[PDB]
Amino acid sequence: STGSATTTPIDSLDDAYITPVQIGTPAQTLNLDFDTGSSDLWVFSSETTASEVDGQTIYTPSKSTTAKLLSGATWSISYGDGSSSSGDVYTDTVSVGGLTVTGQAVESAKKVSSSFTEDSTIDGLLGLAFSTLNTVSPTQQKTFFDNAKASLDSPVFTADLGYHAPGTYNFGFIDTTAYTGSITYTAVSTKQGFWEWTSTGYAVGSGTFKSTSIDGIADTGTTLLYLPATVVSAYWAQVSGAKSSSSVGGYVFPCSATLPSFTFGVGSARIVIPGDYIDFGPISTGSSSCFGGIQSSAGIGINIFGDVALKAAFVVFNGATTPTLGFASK
């Protein structure tokens, strides 16, 4: 089997992408944030505290003839941005882009943190990291991809995120028309539950490539590119007037600037992030200070190849017995 679904930016900055997901019978379609940095499929629901729902579409398990309470199971998750959610668990039929999994754990939120409530466009998350990170207790549950894998034509999914435009998540096949050149594959460590890999270096604009190992994760659920402070300083030093602002929370730059590209290495291959992809717009409405799309990871503990980096590539998440990642230009 295969599946293919379009993923759409939630706003004009590409802060996140939403993909329609069919849950239950008859189908209830929710728009979920596909997140290769986490491993829970959780949804706003008829059980979510009413004051914490503000415009989201909810899953109502009592209206699904295939829903079953997973007795005794609870979940609770906290994300790298400080947001969180928790609740109980149903199993139900879940379909993405024509690919159907029966008995998928659907984690129904009883509580969500304010950042979720305040984002009416995201109805929940669909985790695509390794199932070892799933938070369901006392019986850990499998991700949608883990449950689908054995049925897929090939045990892979691909992320093809658009810049200020829709893109595609495919399951079970690699669309050879969706990228240019060849796909360069690189080793993955699953020891932390992530799609963790090592970039071979970087360049700023037309500058020379610096060969240096940068360990990080491929994370579709993170908006920005978070890299070591040395790398980030080297980038922003090429933008007149750019500076790190402790009050804003990162590097800002004059909105009048033209940003240089940023290149990252995948083996001997190179992925070029155009400068425009690094502009996240005014820090507040009407400001001439703009927020940068490349930020320091120093306060995180891990480097994160988020959407800024991934949307410059066609990315293969190869879930074979020994997982690997693939990157191609497009």
# chains A, B, ... in the order shown; residues from 1 in each chain; ligands from 1
>>> residues_around(residues="residue 152 (chain A)", least_positions_apart="3", cutoff="12 Å", atoms="only C-alpha atoms", output="ChimeraX atom specification")
/A:1-4,98-101,144-149,155-157,170-174,318-320
>>> write_last_selection(atoms="N, CA and C atoms", output="PDB file, in the first residue's frame")
ATOM      1  N   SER A   1       0.849  -1.223   0.000  1.00  0.00           N
ATOM      2  CA  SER A   1       0.000   0.000   0.000  1.00  0.00           C
ATOM      3  C   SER A   1       0.864   1.246   0.000  1.00  0.00           C
ATOM      4  N   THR A   2       0.230   2.368  -0.324  1.00  0.00           N
ATOM      5  CA  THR A   2       0.851   3.678  -0.239  1.00  0.00           C
ATOM      6  C   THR A   2      -0.193   4.685   0.232  1.00  0.00           C
ATOM      7  N   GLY A   3       0.297   5.856   0.641  1.00  0.00           N
ATOM      8  CA  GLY A   3      -0.553   7.011   0.849  1.00  0.00           C
ATOM      9  C   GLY A   3       0.155   8.266   0.375  1.00  0.00           C
ATOM     10  N   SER A   4      -0.637   9.294   0.074  1.00  0.00           N
ATOM     11  CA  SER A   4      -0.086  10.574  -0.368  1.00  0.00           C
ATOM     12  C   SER A   4      -1.046  11.670   0.060  1.00  0.00           C
ATOM     13  N   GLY A  98      -5.181   8.154   1.801  1.00  0.00           N
ATOM     14  CA  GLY A  98      -5.561   6.872   1.242  1.00  0.00           C
ATOM     15  C   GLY A  98      -4.944   5.654   1.902  1.00  0.00           C
ATOM     16  N   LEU A  99      -4.010   5.835   2.834  1.00  0.00           N
ATOM     17  CA  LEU A  99      -3.375   4.747   3.574  1.00  0.00           C
ATOM     18  C   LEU A  99      -4.089   4.597   4.910  1.00  0.00           C
ATOM     19  N   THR A 100      -4.595   3.394   5.196  1.00  0.00           N
ATOM     20  CA  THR A 100      -5.427   3.157   6.368  1.00  0.00           C
ATOM     21  C   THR A 100      -4.733   2.234   7.359  1.00  0.00           C
ATOM     22  N   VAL A 101      -4.750   2.634   8.630  1.00  0.00           N
ATOM     23  CA  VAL A 101      -4.321   1.803   9.748  1.00  0.00           C
ATOM     24  C   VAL A 101      -5.528   1.558  10.641  1.00  0.00           C
ATOM     25  N   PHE A 144       1.688   5.959  13.778  1.00  0.00           N
ATOM     26  CA  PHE A 144       0.987   5.627  12.547  1.00  0.00           C
ATOM     27  C   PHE A 144       1.920   4.944  11.554  1.00  0.00           C
ATOM     28  N   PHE A 145       3.128   5.483  11.392  1.00  0.00           N
ATOM     29  CA  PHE A 145       4.083   4.905  10.447  1.00  0.00           C
ATOM     30  C   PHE A 145       4.513   3.512  10.882  1.00  0.00           C
ATOM     31  N   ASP A 146       4.797   3.332  12.170  1.00  0.00           N
ATOM     32  CA  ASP A 146       5.165   2.013  12.668  1.00  0.00           C
ATOM     33  C   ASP A 146       4.055   1.002  12.402  1.00  0.00           C
ATOM     34  N   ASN A 147       2.802   1.392  12.638  1.00  0.00           N
ATOM     35  CA  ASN A 147       1.691   0.483  12.384  1.00  0.00           C
ATOM     36  C   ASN A 147       1.509   0.203  10.898  1.00  0.00           C
ATOM     37  N   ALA A 148       1.764   1.182  10.032  1.00  0.00           N
ATOM     38  CA  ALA A 148       1.554   0.990   8.607  1.00  0.00           C
ATOM     39  C   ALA A 148       2.706   0.276   7.908  1.00  0.00           C
ATOM     40  N   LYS A 149       3.893   0.291   8.522  1.00  0.00           N
ATOM     41  CA  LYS A 149       5.142   0.010   7.819  1.00  0.00           C
ATOM     42  C   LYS A 149       5.085  -1.310   7.069  1.00  0.00           C
ATOM     43  N   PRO A 155       9.256   0.542   3.225  1.00  0.00           N
ATOM     44  CA  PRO A 155       9.069   1.065   4.598  1.00  0.00           C
ATOM     45  C   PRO A 155       9.645   2.461   4.785  1.00  0.00           C
ATOM     46  N   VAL A 156       9.051   3.415   4.074  1.00  0.00           N
ATOM     47  CA  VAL A 156       9.558   4.773   3.993  1.00  0.00           C
ATOM     48  C   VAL A 156       8.399   5.756   4.029  1.00  0.00           C
ATOM     49  N   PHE A 157       8.710   6.982   4.441  1.00  0.00           N
ATOM     50  CA  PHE A 157       7.847   8.111   4.149  1.00  0.00           C
ATOM     51  C   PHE A 157       8.737   9.263   3.722  1.00  0.00           C
ATOM     52  N   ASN A 170       4.352  11.621   1.503  1.00  0.00           N
ATOM     53  CA  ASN A 170       4.068  10.331   0.890  1.00  0.00           C
ATOM     54  C   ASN A 170       4.499   9.213   1.825  1.00  0.00           C
ATOM     55  N   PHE A 171       3.734   8.125   1.797  1.00  0.00           N
ATOM     56  CA  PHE A 171       4.022   6.931   2.574  1.00  0.00           C
ATOM     57  C   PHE A 171       4.151   5.747   1.628  1.00  0.00           C
ATOM     58  N   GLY A 172       5.267   5.028   1.737  1.00  0.00           N
ATOM     59  CA  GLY A 172       5.422   3.762   1.059  1.00  0.00           C
ATOM     60  C   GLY A 172       6.082   3.818  -0.296  1.00  0.00           C
ATOM     61  N   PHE A 173       6.433   5.005  -0.796  1.00  0.00           N
ATOM     62  CA  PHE A 173       7.069   5.112  -2.097  1.00  0.00           C
ATOM     63  C   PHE A 173       7.829   6.422  -2.181  1.00  0.00           C
ATOM     64  N   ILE A 174       8.784   6.467  -3.097  1.00  0.00           N
ATOM     65  CA  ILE A 174       9.604   7.646  -3.338  1.00  0.00           C
ATOM     66  C   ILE A 174       9.265   8.161  -4.734  1.00  0.00           C
ATOM     67  N   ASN A 318      13.711   6.767   5.884  1.00  0.00           N
ATOM     68  CA  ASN A 318      13.783   5.352   5.542  1.00  0.00           C
ATOM     69  C   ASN A 318      13.723   4.533   6.825  1.00  0.00           C
ATOM     70  N   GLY A 319      12.589   3.869   7.038  1.00  0.00           N
ATOM     71  CA  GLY A 319      12.341   3.089   8.234  1.00  0.00           C
ATOM     72  C   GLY A 319      12.623   1.609   8.077  1.00  0.00           C
ATOM     73  N   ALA A 320      13.591   1.272   7.236  1.00  0.00           N
ATOM     74  CA  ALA A 320      14.106  -0.081   7.167  1.00  0.00           C
ATOM     75  C   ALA A 320      14.714  -0.483   8.511  1.00  0.00           C
TER      76      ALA A 320
END
>>> closest_atom_pairs(of="region 146-241 of chain A", to="region 113-133 of chain A", cutoff="8 Å", atoms="only C-alpha atoms", output="tab-separated table")
residue	atom	partner	partner_atom	distance
A:146	CA	A:131	CA	7.2
A:190	CA	A:130	CA	7.3
A:193	CA	A:130	CA	5.1
A:194	CA	A:129	CA	5.4
A:195	CA	A:129	CA	6.6
>>> write_last_selection(atoms="N, CA, C and O atoms", output="short mmCIF file (atom, residue, chain, number, x, y, z; two decimals), in the first residue's frame")
data_model
loop_
_atom_site.label_atom_id
_atom_site.label_comp_id
_atom_site.auth_asym_id
_atom_site.auth_seq_id
_atom_site.Cartn_x
_atom_site.Cartn_y
_atom_site.Cartn_z
N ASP A 146 4.80 3.33 12.17
CA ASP A 146 5.17 2.01 12.67
C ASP A 146 4.06 1.00 12.40
O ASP A 146 4.32 -0.13 11.99
N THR A 190 19.08 6.12 16.30
CA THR A 190 17.79 6.13 16.96
C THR A 190 17.90 6.13 18.48
O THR A 190 16.88 5.96 19.16
N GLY A 193 15.56 8.37 20.09
CA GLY A 193 14.21 8.28 19.58
C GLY A 193 13.93 9.17 18.39
O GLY A 193 12.80 9.15 17.90
N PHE A 194 14.92 9.92 17.92
CA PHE A 194 14.75 10.88 16.84
C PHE A 194 15.39 10.37 15.56
O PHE A 194 16.19 9.43 15.55
N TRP A 195 15.05 11.05 14.46
CA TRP A 195 15.77 10.90 13.19
C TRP A 195 17.03 11.76 13.28
O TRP A 195 17.11 12.88 12.77
#
>>> select_by_dssp(residues="region 162-222 of chain A", states="strand (DSSP E)", output="number ranges by chain")
A: 167-171, 184-187, 196-204, 210-218
>>> closest_residue(among="A:309, A:214, A:105, A:70", to="residue 230 (chain A)", atoms="only C-alpha atoms")
A:214
>>> select_by_dssp(residues="region 50-176 of chain A", states="helix (DSSP H, G or I)", output="mmCIF file with N, CA, C and O atoms, in the first residue's frame")
data_model
loop_
_atom_site.group_PDB
_atom_site.id
_atom_site.type_symbol
_atom_site.label_atom_id
_atom_site.label_comp_id
_atom_site.auth_asym_id
_atom_site.auth_seq_id
_atom_site.Cartn_x
_atom_site.Cartn_y
_atom_site.Cartn_z
ATOM 1 N N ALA A 50 -13.438 22.612 27.819
ATOM 2 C CA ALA A 50 -14.096 23.455 26.823
ATOM 3 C C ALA A 50 -13.402 24.805 26.671
ATOM 4 O O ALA A 50 -13.294 25.332 25.557
ATOM 5 N N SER A 51 -12.925 25.381 27.775
ATOM 6 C CA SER A 51 -12.256 26.673 27.706
ATOM 7 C C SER A 51 -10.919 26.609 26.985
ATOM 8 O O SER A 51 -10.342 27.660 26.684
ATOM 9 N N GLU A 52 -10.412 25.412 26.713
ATOM 10 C CA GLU A 52 -9.144 25.237 26.023
ATOM 11 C C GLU A 52 -9.326 24.928 24.546
ATOM 12 O O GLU A 52 -8.333 24.703 23.848
ATOM 13 N N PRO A 61 -15.074 10.515 19.905
ATOM 14 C CA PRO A 61 -15.048 9.054 19.760
ATOM 15 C C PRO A 61 -16.420 8.416 19.855
ATOM 16 O O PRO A 61 -16.651 7.389 19.209
ATOM 17 N N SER A 62 -17.353 9.003 20.608
ATOM 18 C CA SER A 62 -18.675 8.402 20.743
ATOM 19 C C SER A 62 -19.444 8.382 19.427
ATOM 20 O O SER A 62 -20.421 7.638 19.309
ATOM 21 N N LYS A 63 -19.029 9.176 18.440
ATOM 22 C CA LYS A 63 -19.661 9.193 17.126
ATOM 23 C C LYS A 63 -18.976 8.267 16.133
ATOM 24 O O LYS A 63 -19.401 8.195 14.974
ATOM 25 N N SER A 114 -1.720 26.589 26.517
ATOM 26 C CA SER A 114 -2.310 27.761 25.887
ATOM 27 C C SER A 114 -1.883 27.912 24.435
ATOM 28 O O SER A 114 -2.672 28.385 23.609
ATOM 29 N N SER A 115 -0.647 27.538 24.095
ATOM 30 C CA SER A 115 -0.202 27.746 22.721
ATOM 31 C C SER A 115 -1.012 26.907 21.744
ATOM 32 O O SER A 115 -1.234 27.331 20.603
ATOM 33 N N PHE A 116 -1.473 25.725 22.164
ATOM 34 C CA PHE A 116 -2.344 24.931 21.304
ATOM 35 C C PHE A 116 -3.727 25.568 21.185
ATOM 36 O O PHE A 116 -4.265 25.707 20.079
ATOM 37 N N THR A 117 -4.311 25.981 22.314
ATOM 38 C CA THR A 117 -5.620 26.627 22.276
ATOM 39 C C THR A 117 -5.606 27.828 21.346
ATOM 40 O O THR A 117 -6.559 28.059 20.589
ATOM 41 N N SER A 131 8.856 4.972 17.885
ATOM 42 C CA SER A 131 7.812 4.690 18.863
ATOM 43 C C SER A 131 8.337 4.600 20.294
ATOM 44 O O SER A 131 7.546 4.686 21.235
ATOM 45 N N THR A 132 9.647 4.456 20.485
ATOM 46 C CA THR A 132 10.212 4.486 21.828
ATOM 47 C C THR A 132 9.935 5.794 22.562
ATOM 48 O O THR A 132 10.043 5.824 23.792
ATOM 49 N N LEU A 133 9.600 6.877 21.852
ATOM 50 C CA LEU A 133 9.265 8.139 22.506
ATOM 51 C C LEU A 133 7.783 8.281 22.825
ATOM 52 O O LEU A 133 7.396 9.279 23.441
ATOM 53 N N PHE A 144 1.688 5.959 13.778
ATOM 54 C CA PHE A 144 0.987 5.627 12.547
ATOM 55 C C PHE A 144 1.920 4.944 11.554
ATOM 56 O O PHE A 144 1.559 3.946 10.926
ATOM 57 N N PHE A 145 3.128 5.483 11.392
ATOM 58 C CA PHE A 145 4.083 4.905 10.447
ATOM 59 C C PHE A 145 4.513 3.512 10.882
ATOM 60 O O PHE A 145 4.577 2.595 10.061
ATOM 61 N N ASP A 146 4.797 3.332 12.170
ATOM 62 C CA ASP A 146 5.165 2.013 12.668
ATOM 63 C C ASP A 146 4.055 1.002 12.402
ATOM 64 O O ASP A 146 4.319 -0.132 11.985
ATOM 65 N N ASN A 147 2.802 1.392 12.638
ATOM 66 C CA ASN A 147 1.691 0.483 12.384
ATOM 67 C C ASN A 147 1.509 0.203 10.898
ATOM 68 O O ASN A 147 1.133 -0.911 10.531
ATOM 69 N N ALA A 148 1.764 1.182 10.032
ATOM 70 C CA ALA A 148 1.554 0.990 8.607
ATOM 71 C C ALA A 148 2.706 0.276 7.908
ATOM 72 O O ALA A 148 2.497 -0.290 6.832
ATOM 73 N N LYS A 149 3.893 0.291 8.522
ATOM 74 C CA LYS A 149 5.142 0.010 7.819
ATOM 75 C C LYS A 149 5.085 -1.310 7.069
ATOM 76 O O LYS A 149 5.420 -1.383 5.881
ATOM 77 N N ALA A 150 4.656 -2.367 7.752
ATOM 78 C CA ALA A 150 4.703 -3.706 7.173
ATOM 79 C C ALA A 150 3.819 -3.824 5.937
ATOM 80 O O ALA A 150 4.076 -4.668 5.068
ATOM 81 N N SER A 151 2.774 -3.002 5.842
ATOM 82 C CA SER A 151 1.860 -3.042 4.709
ATOM 83 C C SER A 151 2.331 -2.195 3.539
ATOM 84 O O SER A 151 1.847 -2.374 2.419
#
>>> residues_around(residues="residue 22 (chain A)", least_positions_apart="5", cutoff="9 Å", atoms="only C-alpha atoms", output="PDB file with N, CA and C atoms, in the first residue's frame")
ATOM      1  N   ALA A  27     -15.760   8.885   8.815  1.00  0.00           N
ATOM      2  CA  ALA A  27     -14.538   9.643   9.009  1.00  0.00           C
ATOM      3  C   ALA A  27     -14.827  10.998   9.640  1.00  0.00           C
ATOM      4  N   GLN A  28     -13.969  11.371  10.577  1.00  0.00           N
ATOM      5  CA  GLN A  28     -13.863  12.721  11.101  1.00  0.00           C
ATOM      6  C   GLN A  28     -12.509  13.236  10.630  1.00  0.00           C
ATOM      7  N   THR A  29     -12.507  14.280   9.806  1.00  0.00           N
ATOM      8  CA  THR A  29     -11.262  14.790   9.259  1.00  0.00           C
ATOM      9  C   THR A  29     -10.738  15.911  10.145  1.00  0.00           C
ATOM     10  N   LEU A  30      -9.533  15.709  10.675  1.00  0.00           N
ATOM     11  CA  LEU A  30      -8.832  16.693  11.475  1.00  0.00           C
ATOM     12  C   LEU A  30      -7.543  17.063  10.762  1.00  0.00           C
ATOM     13  N   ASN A  31      -7.118  18.312  10.928  1.00  0.00           N
ATOM     14  CA  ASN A  31      -5.896  18.797  10.301  1.00  0.00           C
ATOM     15  C   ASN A  31      -4.776  18.734  11.329  1.00  0.00           C
ATOM     16  N   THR A  93      -9.714   3.665  13.567  1.00  0.00           N
ATOM     17  CA  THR A  93      -9.174   3.631  12.218  1.00  0.00           C
ATOM     18  C   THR A  93      -8.709   5.017  11.812  1.00  0.00           C
ATOM     19  N   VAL A  94      -7.483   5.095  11.308  1.00  0.00           N
ATOM     20  CA  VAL A  94      -6.870   6.353  10.909  1.00  0.00           C
ATOM     21  C   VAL A  94      -6.353   6.208   9.488  1.00  0.00           C
ATOM     22  N   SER A  95      -6.719   7.154   8.621  1.00  0.00           N
ATOM     23  CA  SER A  95      -6.262   7.142   7.241  1.00  0.00           C
ATOM     24  C   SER A  95      -5.595   8.464   6.892  1.00  0.00           C
ATOM     25  N   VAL A  96      -4.484   8.362   6.163  1.00  0.00           N
ATOM     26  CA  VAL A  96      -3.737   9.512   5.671  1.00  0.00           C
ATOM     27  C   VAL A  96      -3.542   9.325   4.176  1.00  0.00           C
ATOM     28  N   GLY A  97      -4.116  10.216   3.383  1.00  0.00           N
ATOM     29  CA  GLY A  97      -3.836  10.180   1.965  1.00  0.00           C
ATOM     30  C   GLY A  97      -4.150   8.854   1.321  1.00  0.00           C
ATOM     31  N   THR A 100      -4.595   3.394   5.196  1.00  0.00           N
ATOM     32  CA  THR A 100      -5.427   3.157   6.368  1.00  0.00           C
ATOM     33  C   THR A 100      -4.733   2.234   7.359  1.00  0.00           C
TER      34      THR A 100
END
>>> residues_around(residues="region 250-252 of chain A", least_positions_apart="2", cutoff="12 Å", atoms="only C-alpha atoms", output="count of residues only")
45
>>> closest_residue(among="A:34, A:209, A:59, A:277", to="residue 17 (chain A)", atoms="only C-alpha atoms")
A:34
>>> closest_residue(among="A:223, A:168, A:303, A:154", to="residue 11 (chain A)", atoms="only C-alpha atoms")
A:223
>>> atom_distance(atom1="CA of residue 269 (chain A)", atom2="CA of residue 208 (chain A)")
14.4 Å
>>> residues_around(residues="residue 202 (chain A)", least_positions_apart="4", cutoff="10 Å", atoms="only C-alpha atoms", output="number ranges by chain")
A: 207-214, 231, 235, 262-266, 270-272
>>> closest_residue(among="A:311, A:68, A:191, A:110", to="residue 87 (chain A)", atoms="only C-alpha atoms")
A:110
